[PDB]
Amino acid sequence: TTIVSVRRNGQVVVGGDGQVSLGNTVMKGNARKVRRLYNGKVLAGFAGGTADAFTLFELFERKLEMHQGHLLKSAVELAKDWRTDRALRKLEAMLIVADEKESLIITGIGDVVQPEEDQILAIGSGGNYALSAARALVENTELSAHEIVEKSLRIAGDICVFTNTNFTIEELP
Amino acid sequence: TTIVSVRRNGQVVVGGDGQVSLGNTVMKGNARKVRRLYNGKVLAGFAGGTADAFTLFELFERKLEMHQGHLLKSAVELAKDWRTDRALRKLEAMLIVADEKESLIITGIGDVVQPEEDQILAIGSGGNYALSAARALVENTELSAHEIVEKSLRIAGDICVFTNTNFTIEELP
Amino acid sequence: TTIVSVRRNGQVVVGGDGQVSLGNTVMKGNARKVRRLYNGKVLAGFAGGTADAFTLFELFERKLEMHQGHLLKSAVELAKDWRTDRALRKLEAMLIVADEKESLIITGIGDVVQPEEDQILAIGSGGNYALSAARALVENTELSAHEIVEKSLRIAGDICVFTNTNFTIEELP
Amino acid sequence: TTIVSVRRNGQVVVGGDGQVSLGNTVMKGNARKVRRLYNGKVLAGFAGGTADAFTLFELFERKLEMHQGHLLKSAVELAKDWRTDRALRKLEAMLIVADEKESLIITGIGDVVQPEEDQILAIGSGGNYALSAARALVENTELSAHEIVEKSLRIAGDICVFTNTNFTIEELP
Amino acid sequence: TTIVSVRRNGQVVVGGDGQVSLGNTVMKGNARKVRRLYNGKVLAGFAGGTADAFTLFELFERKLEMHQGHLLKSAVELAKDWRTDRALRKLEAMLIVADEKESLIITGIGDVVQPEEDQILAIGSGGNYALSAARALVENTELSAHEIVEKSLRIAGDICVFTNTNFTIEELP
Amino acid sequence: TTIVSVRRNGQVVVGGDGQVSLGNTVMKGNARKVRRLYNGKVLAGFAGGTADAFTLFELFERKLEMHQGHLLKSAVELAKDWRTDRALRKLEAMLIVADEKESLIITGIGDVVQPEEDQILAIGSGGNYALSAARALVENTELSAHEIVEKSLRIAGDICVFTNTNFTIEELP
Amino acid sequence: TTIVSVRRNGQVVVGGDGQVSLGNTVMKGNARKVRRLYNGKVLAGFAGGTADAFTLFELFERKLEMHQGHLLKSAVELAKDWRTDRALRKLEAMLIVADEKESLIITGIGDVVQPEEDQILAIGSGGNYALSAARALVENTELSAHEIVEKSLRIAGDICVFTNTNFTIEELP
Amino acid sequence: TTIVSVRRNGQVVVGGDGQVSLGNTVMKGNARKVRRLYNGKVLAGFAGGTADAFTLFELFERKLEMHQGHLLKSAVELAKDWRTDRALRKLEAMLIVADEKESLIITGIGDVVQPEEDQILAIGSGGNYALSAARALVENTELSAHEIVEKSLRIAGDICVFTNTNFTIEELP
Amino acid sequence: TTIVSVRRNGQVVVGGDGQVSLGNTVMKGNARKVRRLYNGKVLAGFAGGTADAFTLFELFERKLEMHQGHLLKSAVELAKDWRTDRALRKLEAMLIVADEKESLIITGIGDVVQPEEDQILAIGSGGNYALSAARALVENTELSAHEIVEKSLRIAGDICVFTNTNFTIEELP
Amino acid sequence: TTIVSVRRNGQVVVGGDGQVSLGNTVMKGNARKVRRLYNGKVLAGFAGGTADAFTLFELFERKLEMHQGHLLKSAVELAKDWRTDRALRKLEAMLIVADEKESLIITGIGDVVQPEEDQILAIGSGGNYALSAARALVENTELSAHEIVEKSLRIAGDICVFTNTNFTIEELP
Amino acid sequence: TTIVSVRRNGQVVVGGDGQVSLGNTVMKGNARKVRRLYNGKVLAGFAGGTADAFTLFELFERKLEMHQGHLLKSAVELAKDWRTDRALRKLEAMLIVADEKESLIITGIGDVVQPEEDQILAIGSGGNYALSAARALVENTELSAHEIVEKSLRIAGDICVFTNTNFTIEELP
Ligand SMILES: [K+]
Ligand SMILES: [K+]
Ligand SMILES: [K+]
Ligand SMILES: [K+]
Ligand SMILES: [K+]
Ligand SMILES: [K+]
Ligand SMILES: [K+]
Ligand SMILES: [K+]
Ligand SMILES: [K+]
Ligand SMILES: [K+]
Ligand SMILES: [K+]
């Protein structure tokens with residue numbers, strides 16, 4: 001799995017591949033791993049099971065609702081519950097969330113990670129290949145966030161056997 | 001075990017073999033791995049223990065009763081319970097459910113999987129062999145869902161040591 | 001890797017994918033795994049390292065030369081040396097060889113092996129997926145051996161994470 | 001794999017199935033597990049790798065050449081080498097050898113086993129099922145060695161997932 | 001343990017050995033593993049602890065009472081409670097029950113199971129040895145069900161280290 | 001640990017050693033592993049922790065009280081609870097109980113074991129050495145139950161590194 | 001396996017059971033584990049493979065020959081070679097040797113063990129059960145060495161699942 | 001991670017690196033692991049997730065408030081809640097807190113701990129490298145606490161693969 | 001470790017980081033992992049021990065010498081020996097070699113890998129991060145091979161905890 | 001095993017227990033583990049097999065002969081041969097040797113070692129218990145070396161399950 | 001164990017502690033881990049078995065004799081033998097060697113490591129603590145090589161449980 005997000009010139013993009021694997025075989029090649037949340041104002045990408053994703057995206061929306069739409073505050077609150085609720089502790093996954101203000105990785109191990117100054121985030125088994133390609137592109141070209149995400153996902157798809165080249169890409173605004 | 005499902009021309013078929021292997025021997029040879037649930041409106045097949053499967057089938061029917069018979073919603077709700085409940089987490093198996101609208105694989109690891117455009121799903125140790133044969137037949141012949149399921153189960157049976165030639169094939173007219 | 005061979009209507013075809021993997025990552029995606037030997041009269045596919053393949057193919061040619069083009073006798077002697085010499089025993093590659101008369105699989109651990117009446121052979125991690133698709137196509141369509149190999153390689157490349165869709169296909173017309 | 005040997009009324013028969021399983025799939029289905037050695041005066045069957053077996057069969061014939069064709073002496077000498085040689089210790093398998101006087105199982109763990117008064121020997125994952133059926137038939141019917149071997153192999157085949165219905169049966173008239 | 005049942009010429013027999021093992025040692029050699037239930041009309045054999053058996057047999061009787069002697073319905077309900085209750089789920093015993101109409105195996109993990117056309121059933125570590133001997137005897141002799149069970153138990157007791165030769169055999173004449 | 005019981009000429013004795021070990025060292029060498037229960041009418045020996053013993057002896061007394069002092073009935077009831085209560089399932093141990101009528105071993109794995117006709121029972125790591133010596137003495141001498149228990153515990157103490165020679169022996173009446 | 005030796009009133013006996021096991025099943029039930037060596041002047045019992053036994057008994061005879069028939073000296077020399085020869089180090093087993101002067105256990109771990117004052121030795125998985133019974137008999141009866149060996153082997157056979165009751169007993173003189 | 005604190009000549013300093021790792025890769029290199037609490041009067045460093053840290057620091061502030069700035073009492077109560085609540089017990093972070101009076105380490109497993117006479121404290125995988133460098137510098141130079149923390153963090157960052165050289169250093173002048 | 005090679009506009013470059021690690025700590029941070037061979041006409045990078053590197057670079061030079069300086073031929077010959085020589089088989093590592101004609105990865109598992117059409121190769125734990133960045137740069141910028149190698153090594157150094165930023169870069173010509 | 005030596009007031013004593021264990025059972029309880037060498041002038045204790053000890057002691061004598069009774073030089077040469085010869089390297093015994101001048105421990109892995117100012121040495125699994133008791137007795141009582149060794153062996157025999165209380169004690173008056 | 005080497009102002013010092021730990025206890029406390037080799041012109045220290053170390057030291061001196069006393073060449077040659085020789089591969093340890101020109105670490109895993117510009121090397125479980133302290137002292141004081149080594153060994157000793165305060169420090173004037 002590869003999910004990568006880039007923010008450039010007032011645009012933020014989150015994109016992912018479509019491969020769901022079981023052991024060394026492919027169960028599905030067109031999964032949609034990126035969704036729009038909170039009245040389409042938040043982009044969310046997940047590396048993990050769909051049902052697991054629904055439970056966590058559901059709660060994150062409840063956090064946004066009670067926390068005035070503050071991404072960081074909502075993210076920290078989600079992480080706290082995910083880290084301590086006996087039910088949620090069974091959900092193994094990683095998430096990337098982004099809104100018009102900032103981008104974050106949320107984990108189930110009590111961490112919420114902000115990006116470096118280049119504003120790029122990536123998760124999944126192939127995430128670091130997209131991250132490497134994205135940083136190269138951001139630091140050496142004028143390409144748009146959308147174009148970098150597309151090119152980075154492709155590079156990750158050609159290296160990671162668990163990442164394919166069937167992408168789902170969401171942009172905001 | 002091999003369970004395969006094909007949907008074509010308004011017909012939905014789910015079938016499986018009959019071999020139950022204990023250790024590396026044939027425990028039973030005429031198991032019934034596909035069943036009709038929800039007043040005969042749902043087909044369900046399982047790869048795993050018979051007792052475990054019956055437990056999950058009953059729970060799924062309760063989810064269907066709860067969510068107006070909507071398959072995807074019910075499957076996601078079952079996957080969530082399966083993922084967190086102490087007793088259900090001890091239940092090892094994979095499920096295929098199908099009604100007149102859609103087909104899904106349900107897992108105990110937080111995944112609910114929809115088929116690709118071919119509308120085929122397969123599970124079990126021999127699942128991928130039936131999947132390969134079914135995809136070849138759907139894309140290259142005019143055979144019916146029933147015929148493809150029978151022919152795919154037979155091909156899987158000649159390759160997988162744990163898959164039988166004694167099939168139970170159920171269809172939703 | 002997936003290498004598959006089909007013989008139909010006087011045509012024999014051997015084709016393979018192009019992925020070379022190290023762990024769960026791809027080192028090369030355009031590998032040619034099928035070669036023409038014995039001045040074009042023999043098609044040879046291999047799952048394994050290129051150095052191993054070069055060694056085994058050069059040794060195989062030598063044998064074909066001294067057995068005046070007899071594939072089976074040449075293969076039987078190859079397998080004999082393979083299990084005899086401590087140097088060759090270190091080679092883990094798997095091979096498929098085919099001429100206008102017959103098709104065979106040769107490995108260092110299982111000596112020589114012939115196909116069933118359908119004359120399909122497959123090796124590599126994705127082999128059985130290709131085999132399942134090929135058997136379905138031979139038994140249910142009038143497709144040529146080339147068409148079947150191309151379609152079976154594709155089906156396997158869509159299921160096996162170690163097999164890709166960049167194929168090299170050779171045919172003995 | 002199932003190899004079984006029965007001696008009755010001056011006839012000595014050794015037979016086996018034809019299934020070679022790679023992982024948990026049918027690698028090959030028509031293997032020849034029983035062979036005639038020593039100018040056709042010895043029958044030998046093996047449970048394990050084909051290459052490994054051929055290596056041990058060749059070594060056994062050299063032992064027979066060395067010890068005037070005496071089966072027990074040669075088997076003990078083979079067992080000793082198999083037990084200590086660096087390369088042979090890597091060879092995993094069990095063997096059954098039989099001539100017109102006696103039958104023996106040879107192992108790589110320092111054992112040479114003679115049959116009980118029933119004069120029956122069996123090896124392989126399905127060996128004990130064939131052993132049970134053969135003992136029942138020798139003690140309760142007047143069937144010949146050949147018939148008992150065929151019927152015992154078939155019974156083992158319905159129980160052991162790794163045993164085939166394609167037999168090679170050799171007899172010493 | 002080895003429990004085996006054969007039905008022939010209007011006679012049904014269930015018999016078992018008497019060894020109770022803890023690790024690789026024998027705690028008891030004269031255990032009675034076959035009992036007469038439902039006032040003598042039902043033969044029941046079990047592989048497992050005596051406390052577990054007492055629990056399951058008392059529960060089975062209750063069901064036979066409310067199902068007016070119907071073995072299958074009683075067994076199906078037994079298996080339902082077995083997988084339903086957390087208390088019963090802890091019971092790992094395996095059972096064989098037989099009346100003048102039919103013979104069945106019941107386990108906590110595989111629910112209820114019926115025999116093949118030969119009407120032989122077996123459970124316990126030595127079960128398959130008894131099954132192999134019994135199938136050979138049914139298919140090749142005119143022996144009574146009692147004779148076959150006695151001879152099959154003996155063959156299994158001579159192969160399985162956890163089965164002995166002190167048998168308890170019950171017959172429904 | 002070694003606990004052994006012999007019943008001879010109207011006398012029943014239960015005795016045990018005094019060693020409590022942790023890993024390969026001795027924590028205590030004078031533990032009292034045999035106690036008198038039910039108004040001194042029942043002898044009880046335990047292989048396991050003291051607190052574990054107290055919990056189980058406590059419950060067994062409650063069983064005797066509600067089951068009219070019937071040892072077998074009380075033992076089966078204790079085993080059922082021990083086998084299924086989530087709390088009791090954590091207690092790992094074995095027990096021997098004896099009254100003026102009979103002797104029994106109670107386990108936490110759903111079994112209650114009665115002695116062979118020689119009326120000797122033994123548990124603990126050294127139990128089978130005392131059992132061997134006891135059977136030799138019972139079958140070949142006229143020694144009293146008390147003397148055999150004492151001599152058997154001593155023999156076990158000289159063989160098992162986890163059994164010592166500091167005994168606690170209770171007799172009834 | 002159980003081999004036990006007792007020396008009483010000028011007679012020394014070595015006896016063993018006949019079971020050869022592979023995993024949890026019996027390969028042979030009438031093996032002869034005790035032999036007479038050195039012109040019938042030495043008794044030898046072995047727990048291990050037959051071929052392994054032949055190699056070691058062969059060398060021990062060579063030691064006797066060059067060491068004037070001195071058992072202890074010959075035993076220590078055999079142990080030294082067994083402990084250090086790369087070939088012999090592969091032989092896993094234990095031996096008991098006895099002559100008219102003394103009895104010894106020889107191991108492959110650089111040890112030669114003399115008996116306690118009771119002059120009883122035992123090896124094999126069931127050896128300590130025969131040892132316990134033998135010591136009880138020697139210390140409490142007037143039975144002959146032969147009778148004690150026979151009764152001890154029987155007691156071990158009823159406890160150890162890897163020891164049977166088919167004995168081979170040799171006496172000297 | 002490496003967090004280290006040194007107190008010298010009325011100055012207390014706490015500093016840490018900025019690497020956040022997941023497995024053997026870096027998720028972030030500019031993390032701020034040292035924060036100013038209690039309106040600037042308390043320096044706090046942490047090894048662990050940011051969500052965990054936010055939780056523990058908010059809880060610590062609350063305690064400082066009710067203990068009127070008493071670091072030790074506040075830390076002791078923090079550690080009490082940490083091991084008491086099942087929610088907090090899931091938090092694995094390690095903390096270092098320091099005010100103008102004293103410096104302490106607090107963890108969920110080891111409660112509160114104070115420094116040795118040199119007043120150096122360190123946590124994180126690289127902690128002991130920083131501690132070793134700091135002890136050498138305190139005992140052999142006149143360097144300020146700030147200089148020592150900066151130099152010790154650098155030495156640790158050059159040895160530990162999970163610690164980098166992007167430091168955040170806070171001082172209480 | 002990260003070694004990466006790019007060939008662009010008649011220039012070929014091989015560069016690597018300087019970190020040598022033992023477990024999770026750094027043994028050396030300025031290792032030179034790229035050398036010039038064959039009279040400075042060949043560039044060689046290695047991921048593995050220095051002594052191991054010297055042995056293999058030494059042999060590769062011997063191959064060049066006897067094979068007229070043909071890189072591919074020399075590489076295949078080195079791989080064959082490395083794959084089969086008992087001494088060389090102990091050397092675990094990966095190598096990249098380049099001359100004015102082509103670039104290759106040589107492994108000890110019988111493989112020699114040529115680059116894709118972009119002519120980029122990379123090995124080491126961080127190799128795929130440099131590979132991702134290099135491909136992004138080659139496909140989207142006009143930067144020189146030297147500049148891409150430098151920027152790619154840097155990106156890999158910021159992600160892989162086992163790769164640092166102390167580079168050694170060689171260019172040809 | 002426990003061997004301990006104490007030197008006090010011109011007396012040196014070496015004593016050991018008598019237990020020989022195989023796994024968790026006792027093969028012999030009256031072993032003599034301390035011997036007088038060099039015509040009575042050297043006391044030698046050993047933890048290990050008797051064959052190993054015979055080998056090492058005969059080799060040690062030879063060295064004492066050529067070093068005219070010099071214990072240290074003889075021991076240093078012994079240790080040299082021990083780690084030099086592939087035959088001797090297989091010997092795992094541990095030794096303690098003492099003469100009227102000094103006491104030393106010699107092992108195949110740690111060469112020669114001398115005692116601390118208290119002149120106590122101990123080897124064997126129970127060694128450190130004897131050492132702890134001996135150090136307490138030397139530092140706090142006026143007891144003779146013989147009394148201390150006897151009392152320390154007893155304390156160790158009461159704690160270590162592999163050490164018994166049948167001691168052999170030798171003293172150089 | 002902690003061995004550390006520092007070179008400064010023409011002085012080269014190698015030192016180590018004296019603790020040898022067997023299991024988790026202090027086997028010996030005054031080991032001599034640093035030795036002078038090659039006619040006193042080379043200093044060598046080891047982390048690992050004493051016997052193993054002495055074997056490697058002897059072999060190194062032979063390499064020095066072979067290569068005109070050149071340290072690096074000799075170290076690389078030793079590393080090559082250590083890497084491939086069957087017996088030497090069983091030798092677990094790390095070495096530090098130093099002469100008047102250079103210092104190196106030699107490993108059995110194909111590595112020969114030179115120090116960074118600080119000219120410091122350290123090995124052993126406590127090596128990195130001594131390394132940290134030595135680097136702090138070399139970069140921030142004017143202490144001599146000898147003083148830094150002693151002070152670094154002491155700091156390591158307060159942190160590593162396996163490192164002593166009894167040092168052997170050798171220097172090359
Ligand atoms: K991919
Ligand atoms: K099958
Ligand atoms: K693929
Ligand atoms: K089968
Ligand atoms: K048995
Ligand atoms: K004991
Ligand atoms: K037995
Ligand atoms: K670092
Ligand atoms: K790094
Ligand atoms: K003891
Ligand atoms: K220490």
# chains A, B, ... in the order shown; residues from 1 in each chain; ligands from 1
>>> closest_atom_pairs(of="chain E", to="ligand 7", cutoff="9 Å", atoms="only C-alpha atoms and all ligand atoms", output="Markdown table")
| residue | atom | partner | partner_atom_place_in_ligand_line | distance |
| --- | --- | --- | --- | --- |
| E:25 | CA | ligand 7 | 1 (K) | 8.0 |
| E:26 | CA | ligand 7 | 1 (K) | 7.6 |
| E:161 | CA | ligand 7 | 1 (K) | 7.0 |
| E:162 | CA | ligand 7 | 1 (K) | 8.4 |
| E:164 | CA | ligand 7 | 1 (K) | 7.8 |
>>> write_last_selection(atoms="C-alpha atoms", output="CSV table (one decimal), in the first residue's frame")
chain,number,residue,atom,x,y,z
E,25,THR,CA,2.9,-42.0,29.4
E,26,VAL,CA,-0.1,-44.1,30.2
E,161,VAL,CA,1.3,-45.4,20.4
E,162,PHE,CA,-1.7,-43.8,22.1
E,164,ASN,CA,-3.8,-50.0,23.2
>>> select_by_dssp(residues="chain G", states="strand (DSSP E)", output="MDAnalysis selection string")
chainID G and resid 3:8 11:16 20:22 25:28 34:37 42:47 94:98 103:107 112:113 120:123 168:172
>>> residues_near_ligand(ligand="ligand 5", cutoff="12 Å", atoms="only C-alpha atoms and all ligand atoms", output="count of residues only")
46
>>> interface_residues(of="chain J", to="chain K", cutoff="7 Å", atoms="only C-alpha atoms", output="JSON, numbers by chain")
{"J": [83, 109, 110, 111]}
>>> write_last_selection(atoms="N, CA and C atoms", output="PDB file, in the first residue's frame")
ATOM      1  N   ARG J  83      42.290 -26.085  23.458  1.00  0.00           N
ATOM      2  CA  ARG J  83      41.668 -25.249  22.435  1.00  0.00           C
ATOM      3  C   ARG J  83      42.276 -25.450  21.055  1.00  0.00           C
ATOM      4  N   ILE J 109      37.019 -23.559  27.196  1.00  0.00           N
ATOM      5  CA  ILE J 109      36.639 -22.270  26.628  1.00  0.00           C
ATOM      6  C   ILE J 109      37.286 -21.065  27.310  1.00  0.00           C
ATOM      7  N   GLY J 110      37.588 -21.181  28.595  1.00  0.00           N
ATOM      8  CA  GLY J 110      38.184 -20.050  29.288  1.00  0.00           C
ATOM      9  C   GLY J 110      39.618 -20.231  29.747  1.00  0.00           C
ATOM     10  N   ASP J 111      40.313 -21.212  29.187  1.00  0.00           N
ATOM     11  CA  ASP J 111      41.688 -21.461  29.592  1.00  0.00           C
ATOM     12  C   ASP J 111      41.789 -21.591  31.121  1.00  0.00           C
TER      13      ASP J 111
END
>>> atom_distance(atom1="atom CA of residue F:137", atom2="atom CA of residue F:149")
9.5 Å
>>> atom_distance(atom1="atom CA of residue K:117", atom2="atom CA of residue H:133")
17.6 Å
>>> residues_around(residues="residue C:140", least_positions_apart="3", cutoff="9 Å", atoms="only C-alpha atoms", output="VMD selection string")
(chain B and resid 137 140 to 141) or (chain C and resid 135 to 137 143)
